[PDB]
Amino acid sequence: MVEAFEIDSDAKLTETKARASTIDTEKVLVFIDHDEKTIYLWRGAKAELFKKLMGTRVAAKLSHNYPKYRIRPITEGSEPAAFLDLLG
Amino acid sequence: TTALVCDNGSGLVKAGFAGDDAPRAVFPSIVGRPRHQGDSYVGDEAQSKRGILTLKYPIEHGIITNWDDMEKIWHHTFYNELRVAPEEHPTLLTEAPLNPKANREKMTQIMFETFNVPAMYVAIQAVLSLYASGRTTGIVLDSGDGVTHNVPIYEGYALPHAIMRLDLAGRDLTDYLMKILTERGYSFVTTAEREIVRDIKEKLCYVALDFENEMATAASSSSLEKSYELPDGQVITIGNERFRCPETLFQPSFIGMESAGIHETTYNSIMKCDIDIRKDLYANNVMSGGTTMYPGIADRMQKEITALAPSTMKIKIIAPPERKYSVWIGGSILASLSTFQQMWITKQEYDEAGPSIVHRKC
Ligand SMILES: Nc1ncnc2c1ncn2[C@@H]1O[C@H](COP(=O)(O)OP(=O)(O)OP(=O)(O)O)[C@@H](O)[C@H]1O
Ligand SMILES: C/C1=C/C(=O)O[C@@H]2C[C@@H](CC[C@H](C)/C=C\CC1)O[C@@](O)([C@@H]1CSC(=O)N1)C2
Ligand SMILES: [Mg+2]
């Protein structure tokens, strides 16, 4: 299973559906891959500094739920293949 | 209630108000004294009398080394340049990478006990420049007047074990240009003549993409030679000195240093970082500081880094137009973030813990 969230411009954490079209250059996103015990912190190319800073903080708090999962910050345009397969 | 931002460089102070687009006050980091009888003048007032005064730089290679004179610069910054009372304003200051812990404590002690600031914070210069570029991960080349650093930064925090320091920067380049100008018969020696050569350096120097070919074709080159008008109206002409001067950054042996060049220390810095973050560093090489202003430096860096990095590696050199002040602008951005207000060290907390608190909150 896999979940997906979004860090808003007003700091909230909101759930979103976790495939293909959710990617957009101005968002910072988090995807939890339970099979691989991995928390992906995805940043878009045009993500403003303060969502990136808070995306780091959101990933860390979600990681309190899964303290032995791997946290992997990734960036638009150079994501790992495992992440790409995860969504499409 | 407005925060102050002060970036104390070896050569220039950049100071202003958090939220301004750029530093309101840019002035030399000097204290001048008259020779006779063995008072003082600070900043612009020292240079306006550069003749009758002996100059001291309180910051050497980015490190504060003369604390009495540093106090004068801070007092000058607050009262004469910014025209504020420091006890009324939270104050963000900057420091060099690898600044010794005792220096950070002393800075804090002075801010709270001498200037009575209500709150303060000290940030690493290169980290601020990365933030100003919109990144929390990358490797910064920060080259100013007195020191050059390679600083890898991951998810908001510098990796000190991988930081490189190079005691080679703008002032050494000016001194070298003075030296090689003797080949055309030009003598620049005095403090004031050094300032002229600094201006020549800034207006006419550039980094060659292929230094060896630039030298070999310098003779046949029509457009290499440039003229420069001195204050007195006299004109000088220089040629391959234009690019031999900043070539020193890539070949420090030009001034008798056997340190590696900034391309190699960038590579060495990345190679001290974990394999899994090197790709993020290669793709986010951010340049900052006045000595990264030379035309051609980004393209030369791209070329050199590409030859050292893995063949498939994505390499990107970012040279923002504002990089002469990006450290300051980063501090303005940081000190204006609503989330940063918890990061201030308050006078209350200093009175409880003492200067040691700076290691915990900064
Ligand atoms: N256009 C330019 N071309 C080349 N060099 C420049 C240019 N503009 C400024 N410089 C050089 O940059 C230096 C000042 O830059 P900066 O203010 O970043 O240094 P600093 O922060 O005071 O020093 P440091 O960071 O090393 O303590 C001077 O040596 C100056 O000659
Ligand atoms: C316009 C300006 C540029 C600068 O970077 O100035 C700084 C600070 C300056 C202090 C002495 C000078 C007489 C006073 C003011 C010049 C400040 O020394 C420098 O010029 C030194 C000496 S030459 C050089 O390249 N760096 C750098
Ligand atoms: Mg500096």
# chains A, B, ... in the order shown; residues from 1 in each chain; ligands from 1
>>> residues_around(residues="residue B:156", least_positions_apart="4", cutoff="10 Å", atoms="only C-alpha atoms", output="VMD selection string")
(chain A and resid 52 to 53 56) or (chain B and resid 127 to 128 130 to 131 135 to 138)
>>> residues_near_ligand(ligand="ligand 1", cutoff="7 Å", atoms="only C-alpha atoms and all ligand atoms", output="PyMOL selection string")
chain B and resi 8-13+61-62+143-148+169-171+198+201-203+289-294+324-325
>>> interface_residues(of="chain A", to="chain B", cutoff="12 Å", atoms="only C-alpha atoms", output="NGL selection string")
:A and (10-11 or 41 or 43-57 or 59-60 or 71-80)
>>> residues_near_ligand(ligand="ligand 2", cutoff="7 Å", atoms="only C-alpha atoms and all ligand atoms", output="CSV table (one decimal) with C-alpha atoms, in the first residue's frame")
chain,number,residue,atom,x,y,z
B,11,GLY,CA,36.4,43.4,3.5
B,12,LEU,CA,32.8,44.7,3.5
B,27,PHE,CA,30.9,49.8,3.9
B,28,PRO,CA,34.5,48.7,4.5
B,29,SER,CA,35.3,46.6,7.5
B,30,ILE,CA,38.1,48.8,8.7
B,44,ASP,CA,33.6,55.2,5.2
B,47,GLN,CA,38.7,55.6,3.9
B,50,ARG,CA,43.0,56.9,4.2
B,145,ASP,CA,37.6,39.3,0.0
B,170,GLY,CA,39.6,38.8,-3.8
B,171,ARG,CA,42.3,40.6,-1.8
B,172,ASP,CA,45.0,38.1,-2.8
B,173,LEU,CA,43.9,38.4,-6.5
B,174,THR,CA,44.2,42.2,-6.3
B,191,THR,CA,47.2,51.4,-0.2
B,192,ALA,CA,45.4,53.9,-2.6
B,194,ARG,CA,46.0,48.9,-4.5
B,195,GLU,CA,42.4,50.3,-4.5
B,198,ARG,CA,41.0,46.4,-7.2
>>> closest_residue(among="B:126, B:329, B:18, B:111", to="ligand 3", atoms="only C-alpha atoms and all ligand atoms")
B:126
>>> residues_around(residues="residue A:66", least_positions_apart="6", cutoff="10 Å", atoms="only C-alpha atoms", output="list in words")
residues 32, 34, 37, 38, 39 and 60 of chain A
>>> select_by_dssp(residues="stretch 196-270 of chain B", states="alpha helix (DSSP H)", output="PyMOL selection string")
chain B and resi 196-204+211-216+241-247+262-270
>>> residues_around(residues="residue A:17", least_positions_apart="4", cutoff="10 Å", atoms="only C-alpha atoms", output="ChimeraX atom specification")
/A:2-6,21-22
>>> closest_residue(among="B:257, B:153, B:93, B:297", to="ligand 3", atoms="only C-alpha atoms and all ligand atoms")
B:93
>>> select_by_dssp(residues="stretch 76-187 of chain B", states="strand (DSSP E)", output="JSON list (two decimals) with N, CA and C atoms, in the first residue's frame")
[["chain", "number", "residue", "atom", "x", "y", "z"],
["B", 91, "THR", "N", 18.69, 40.96, 16.21],
["B", 91, "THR", "CA", 19.83, 41.12, 15.32],
["B", 91, "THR", "C", 20.33, 39.77, 14.86],
["B", 92, "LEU", "N", 20.24, 39.52, 13.55],
["B", 92, "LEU", "CA", 20.82, 38.34, 12.93],
["B", 92, "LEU", "C", 22.21, 38.67, 12.42],
["B", 93, "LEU", "N", 23.19, 37.87, 12.83],
["B", 93, "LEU", "CA", 24.57, 38.01, 12.40],
["B", 93, "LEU", "C", 24.99, 36.77, 11.62],
["B", 94, "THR", "N", 26.08, 36.90, 10.88],
["B", 94, "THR", "CA", 26.63, 35.80, 10.11],
["B", 94, "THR", "C", 28.03, 35.46, 10.61],
["B", 95, "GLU", "N", 28.48, 34.26, 10.26],
["B", 95, "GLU", "CA", 29.81, 33.81, 10.64],
["B", 95, "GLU", "C", 30.37, 32.94, 9.53],
["B", 119, "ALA", "N", 17.31, 40.15, 21.24],
["B", 119, "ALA", "CA", 17.37, 38.80, 20.70],
["B", 119, "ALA", "C", 18.42, 38.80, 19.59],
["B", 120, "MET", "N", 18.93, 37.61, 19.29],
["B", 120, "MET", "CA", 19.92, 37.48, 18.24],
["B", 120, "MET", "C", 19.99, 36.05, 17.73],
["B", 121, "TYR", "N", 20.68, 35.90, 16.60],
["B", 121, "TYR", "CA", 20.94, 34.62, 15.96],
["B", 121, "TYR", "C", 22.19, 34.77, 15.11],
["B", 122, "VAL", "N", 22.98, 33.70, 15.04],
["B", 122, "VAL", "CA", 24.16, 33.65, 14.18],
["B", 122, "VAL", "C", 23.95, 32.52, 13.18],
["B", 123, "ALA", "N", 24.13, 32.82, 11.90],
["B", 123, "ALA", "CA", 23.96, 31.85, 10.83],
["B", 123, "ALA", "C", 25.24, 31.76, 10.00],
["B", 124, "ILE", "N", 25.44, 30.60, 9.38],
["B", 124, "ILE", "CA", 26.60, 30.37, 8.53],
["B", 124, "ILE", "C", 26.36, 31.05, 7.19],
["B", 138, "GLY", "N", 22.50, 21.58, -1.50],
["B", 138, "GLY", "CA", 23.43, 22.01, -2.53],
["B", 138, "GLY", "C", 24.80, 22.21, -1.92],
["B", 139, "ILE", "N", 25.75, 22.56, -2.79],
["B", 139, "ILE", "CA", 27.11, 22.87, -2.36],
["B", 139, "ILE", "C", 27.43, 24.29, -2.80],
["B", 140, "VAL", "N", 27.82, 25.12, -1.85],
["B", 140, "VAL", "CA", 28.08, 26.53, -2.10],
["B", 140, "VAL", "C", 29.57, 26.74, -2.25],
["B", 141, "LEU", "N", 29.94, 27.54, -3.25],
["B", 141, "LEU", "CA", 31.26, 28.15, -3.34],
["B", 141, "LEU", "C", 31.09, 29.61, -2.91],
["B", 142, "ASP", "N", 31.60, 29.94, -1.73],
["B", 142, "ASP", "CA", 31.53, 31.30, -1.19],
["B", 142, "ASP", "C", 32.95, 31.87, -1.20],
["B", 143, "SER", "N", 33.17, 32.88, -2.04],
["B", 143, "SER", "CA", 34.48, 33.49, -2.20],
["B", 143, "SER", "C", 34.31, 35.00, -2.10],
["B", 148, "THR", "N", 37.83, 31.79, 0.93],
["B", 148, "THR", "CA", 36.95, 31.02, 0.05],
["B", 148, "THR", "C", 36.62, 29.69, 0.71],
["B", 149, "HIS", "N", 35.35, 29.29, 0.66],
["B", 149, "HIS", "CA", 34.92, 28.02, 1.22],
["B", 149, "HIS", "C", 34.11, 27.22, 0.21],
["B", 150, "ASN", "N", 34.23, 25.89, 0.31],
["B", 150, "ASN", "CA", 33.31, 24.95, -0.30],
["B", 150, "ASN", "C", 32.44, 24.39, 0.82],
["B", 151, "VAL", "N", 31.13, 24.57, 0.72],
["B", 151, "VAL", "CA", 30.24, 24.17, 1.81],
["B", 151, "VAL", "C", 29.10, 23.30, 1.31],
["B", 152, "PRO", "N", 29.16, 21.98, 1.50],
["B", 152, "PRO", "CA", 28.00, 21.14, 1.18],
["B", 152, "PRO", "C", 26.94, 21.25, 2.26],
["B", 153, "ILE", "N", 25.69, 21.29, 1.81],
["B", 153, "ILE", "CA", 24.54, 21.51, 2.69],
["B", 153, "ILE", "C", 23.45, 20.53, 2.28],
["B", 154, "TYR", "N", 22.88, 19.83, 3.26],
["B", 154, "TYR", "CA", 21.86, 18.83, 3.00],
["B", 154, "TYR", "C", 20.65, 19.07, 3.90],
["B", 157, "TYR", "N", 21.13, 21.98, 6.43],
["B", 157, "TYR", "CA", 22.23, 22.02, 7.37],
["B", 157, "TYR", "C", 23.55, 21.72, 6.67],
["B", 158, "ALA", "N", 24.56, 22.53, 6.96],
["B", 158, "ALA", "CA", 25.90, 22.29, 6.44],
["B", 158, "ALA", "C", 26.48, 21.01, 7.01],
["B", 164, "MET", "N", 35.59, 22.71, 2.97],
["B", 164, "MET", "CA", 36.95, 23.08, 2.62],
["B", 164, "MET", "C", 37.14, 24.58, 2.77],
["B", 165, "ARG", "N", 38.29, 24.97, 3.29],
["B", 165, "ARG", "CA", 38.67, 26.37, 3.41],
["B", 165, "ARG", "C", 39.90, 26.61, 2.55],
["B", 166, "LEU", "N", 39.91, 27.75, 1.87],
["B", 166, "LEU", "CA", 41.03, 28.16, 1.03],
["B", 166, "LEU", "C", 41.32, 29.62, 1.32]]
>>> atom_distance(atom1="atom CA of residue B:285", atom2="atom CA of residue B:271")
14.0 Å
>>> atom_distance(atom1="atom CA of residue B:86", atom2="atom CA of residue B:347")
12.6 Å
>>> residues_around(residues="residue B:46", least_positions_apart="6", cutoff="9 Å", atoms="only C-alpha atoms", output="PyMOL selection string")
chain B and resi 28+30-33+40+53-55
>>> closest_residue(among="B:252, B:295, B:231, B:97", to="ligand 3", atoms="only C-alpha atoms and all ligand atoms")
B:97
>>> atom_distance(atom1="atom CA of residue B:355", atom2="atom CA of residue B:116")
13.4 Å
>>> closest_residue(among="B:69, B:21, B:7, B:183", to="ligand 3", atoms="only C-alpha atoms and all ligand atoms")
B:7
>>> closest_residue(among="A:67, A:83, A:36, A:58", to="residue A:18", atoms="only C-alpha atoms")
A:83
>>> decode(residues="stretch 236-335 of chain B", atoms="C-alpha atoms", output="PDB file, in the first residue's frame")
ATOM      1  CA  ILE B 236      46.730  52.091 -18.819  1.00  0.00           C
ATOM      2  CA  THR B 237      46.388  49.066 -21.089  1.00  0.00           C
ATOM      3  CA  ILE B 238      46.396  45.403 -20.068  1.00  0.00           C
ATOM      4  CA  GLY B 239      45.984  42.159 -21.977  1.00  0.00           C
ATOM      5  CA  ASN B 240      46.470  38.613 -20.726  1.00  0.00           C
ATOM      6  CA  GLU B 241      46.669  40.024 -17.195  1.00  0.00           C
ATOM      7  CA  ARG B 242      42.872  40.211 -17.515  1.00  0.00           C
ATOM      8  CA  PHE B 243      42.509  36.434 -17.167  1.00  0.00           C
ATOM      9  CA  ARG B 244      45.825  35.449 -15.575  1.00  0.00           C
ATOM     10  CA  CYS B 245      44.684  37.193 -12.380  1.00  0.00           C
ATOM     11  CA  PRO B 246      41.534  35.114 -11.627  1.00  0.00           C
ATOM     12  CA  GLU B 247      43.130  31.976 -13.083  1.00  0.00           C
ATOM     13  CA  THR B 248      44.812  31.903  -9.658  1.00  0.00           C
ATOM     14  CA  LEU B 249      41.527  30.579  -8.244  1.00  0.00           C
ATOM     15  CA  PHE B 250      41.985  27.449 -10.364  1.00  0.00           C
ATOM     16  CA  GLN B 251      45.813  27.432 -10.166  1.00  0.00           C
ATOM     17  CA  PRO B 252      46.832  28.715  -6.714  1.00  0.00           C
ATOM     18  CA  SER B 253      50.490  28.023  -7.534  1.00  0.00           C
ATOM     19  CA  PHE B 254      50.372  31.344  -9.417  1.00  0.00           C
ATOM     20  CA  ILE B 255      50.855  32.956  -5.985  1.00  0.00           C
ATOM     21  CA  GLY B 256      52.949  30.136  -4.526  1.00  0.00           C
ATOM     22  CA  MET B 257      50.172  28.162  -2.834  1.00  0.00           C
ATOM     23  CA  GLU B 258      50.054  24.406  -3.442  1.00  0.00           C
ATOM     24  CA  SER B 259      46.413  24.118  -2.432  1.00  0.00           C
ATOM     25  CA  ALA B 260      44.146  22.656  -5.072  1.00  0.00           C
ATOM     26  CA  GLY B 261      42.017  25.036  -7.107  1.00  0.00           C
ATOM     27  CA  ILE B 262      38.386  25.786  -6.371  1.00  0.00           C
ATOM     28  CA  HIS B 263      37.220  23.242  -8.949  1.00  0.00           C
ATOM     29  CA  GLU B 264      39.247  20.519  -7.234  1.00  0.00           C
ATOM     30  CA  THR B 265      38.251  21.518  -3.694  1.00  0.00           C
ATOM     31  CA  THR B 266      34.620  21.470  -4.832  1.00  0.00           C
ATOM     32  CA  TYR B 267      35.163  17.891  -6.015  1.00  0.00           C
ATOM     33  CA  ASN B 268      37.071  16.950  -2.859  1.00  0.00           C
ATOM     34  CA  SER B 269      34.269  18.390  -0.722  1.00  0.00           C
ATOM     35  CA  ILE B 270      31.609  16.385  -2.566  1.00  0.00           C
ATOM     36  CA  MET B 271      33.694  13.220  -2.266  1.00  0.00           C
ATOM     37  CA  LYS B 272      33.731  13.530   1.541  1.00  0.00           C
ATOM     38  CA  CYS B 273      29.912  13.373   1.491  1.00  0.00           C
ATOM     39  CA  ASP B 274      27.815  10.225   1.383  1.00  0.00           C
ATOM     40  CA  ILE B 275      27.412   8.642  -2.050  1.00  0.00           C
ATOM     41  CA  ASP B 276      23.646   9.091  -1.906  1.00  0.00           C
ATOM     42  CA  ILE B 277      23.783  12.919  -1.744  1.00  0.00           C
ATOM     43  CA  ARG B 278      26.600  13.633  -4.224  1.00  0.00           C
ATOM     44  CA  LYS B 279      24.114  13.754  -7.102  1.00  0.00           C
ATOM     45  CA  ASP B 280      22.168  16.512  -5.331  1.00  0.00           C
ATOM     46  CA  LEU B 281      25.373  18.488  -4.731  1.00  0.00           C
ATOM     47  CA  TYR B 282      26.626  18.215  -8.319  1.00  0.00           C
ATOM     48  CA  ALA B 283      23.246  19.450  -9.580  1.00  0.00           C
ATOM     49  CA  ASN B 284      23.198  22.424  -7.180  1.00  0.00           C
ATOM     50  CA  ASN B 285      26.560  24.232  -7.190  1.00  0.00           C
ATOM     51  CA  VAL B 286      25.652  27.746  -5.992  1.00  0.00           C
ATOM     52  CA  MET B 287      28.266  30.503  -6.188  1.00  0.00           C
ATOM     53  CA  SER B 288      28.263  33.453  -3.800  1.00  0.00           C
ATOM     54  CA  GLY B 289      30.536  36.339  -2.887  1.00  0.00           C
ATOM     55  CA  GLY B 290      32.168  39.174  -4.779  1.00  0.00           C
ATOM     56  CA  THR B 291      35.031  37.028  -6.068  1.00  0.00           C
ATOM     57  CA  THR B 292      32.592  34.797  -8.004  1.00  0.00           C
ATOM     58  CA  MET B 293      31.587  37.807 -10.140  1.00  0.00           C
ATOM     59  CA  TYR B 294      34.234  37.319 -12.840  1.00  0.00           C
ATOM     60  CA  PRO B 295      32.693  36.775 -16.291  1.00  0.00           C
ATOM     61  CA  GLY B 296      33.188  33.178 -17.355  1.00  0.00           C
ATOM     62  CA  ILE B 297      33.653  31.651 -13.900  1.00  0.00           C
ATOM     63  CA  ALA B 298      30.462  29.579 -14.025  1.00  0.00           C
ATOM     64  CA  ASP B 299      31.252  28.127 -17.464  1.00  0.00           C
ATOM     65  CA  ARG B 300      34.820  27.297 -16.425  1.00  0.00           C
ATOM     66  CA  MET B 301      33.527  25.623 -13.256  1.00  0.00           C
ATOM     67  CA  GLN B 302      31.017  23.600 -15.286  1.00  0.00           C
ATOM     68  CA  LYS B 303      33.837  22.463 -17.575  1.00  0.00           C
ATOM     69  CA  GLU B 304      36.207  21.533 -14.750  1.00  0.00           C
ATOM     70  CA  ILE B 305      33.620  19.777 -12.573  1.00  0.00           C
ATOM     71  CA  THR B 306      32.402  17.773 -15.578  1.00  0.00           C
ATOM     72  CA  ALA B 307      35.917  16.412 -16.137  1.00  0.00           C
ATOM     73  CA  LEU B 308      36.139  15.210 -12.511  1.00  0.00           C
ATOM     74  CA  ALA B 309      32.589  13.921 -12.005  1.00  0.00           C
ATOM     75  CA  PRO B 310      31.092  10.655 -13.288  1.00  0.00           C
ATOM     76  CA  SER B 311      30.373  10.801 -17.001  1.00  0.00           C
ATOM     77  CA  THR B 312      26.593  10.545 -16.536  1.00  0.00           C
ATOM     78  CA  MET B 313      26.388  13.034 -13.672  1.00  0.00           C
ATOM     79  CA  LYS B 314      24.094  16.026 -14.065  1.00  0.00           C
ATOM     80  CA  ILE B 315      26.108  19.143 -13.206  1.00  0.00           C
ATOM     81  CA  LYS B 316      24.672  22.630 -12.773  1.00  0.00           C
ATOM     82  CA  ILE B 317      26.454  25.807 -11.678  1.00  0.00           C
ATOM     83  CA  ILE B 318      24.131  28.527 -10.346  1.00  0.00           C
ATOM     84  CA  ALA B 319      25.519  32.090 -10.257  1.00  0.00           C
ATOM     85  CA  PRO B 320      22.702  34.395  -9.116  1.00  0.00           C
ATOM     86  CA  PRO B 321      22.841  38.027 -10.288  1.00  0.00           C
ATOM     87  CA  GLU B 322      22.671  39.129  -6.623  1.00  0.00           C
ATOM     88  CA  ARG B 323      25.498  36.884  -5.421  1.00  0.00           C
ATOM     89  CA  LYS B 324      27.555  39.847  -4.184  1.00  0.00           C
ATOM     90  CA  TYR B 325      24.866  40.172  -1.478  1.00  0.00           C
ATOM     91  CA  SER B 326      23.150  36.773  -1.399  1.00  0.00           C
ATOM     92  CA  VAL B 327      24.442  36.003   2.100  1.00  0.00           C
ATOM     93  CA  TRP B 328      22.735  39.158   3.340  1.00  0.00           C
ATOM     94  CA  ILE B 329      19.573  38.513   1.322  1.00  0.00           C
ATOM     95  CA  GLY B 330      19.388  34.986   2.710  1.00  0.00           C
ATOM     96  CA  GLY B 331      19.513  36.388   6.228  1.00  0.00           C
ATOM     97  CA  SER B 332      16.772  38.875   5.370  1.00  0.00           C
ATOM     98  CA  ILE B 333      14.633  35.997   4.082  1.00  0.00           C
ATOM     99  CA  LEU B 334      15.360  33.748   7.063  1.00  0.00           C
ATOM    100  CA  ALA B 335      14.845  36.409   9.741  1.00  0.00           C
TER     101      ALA B 335
END
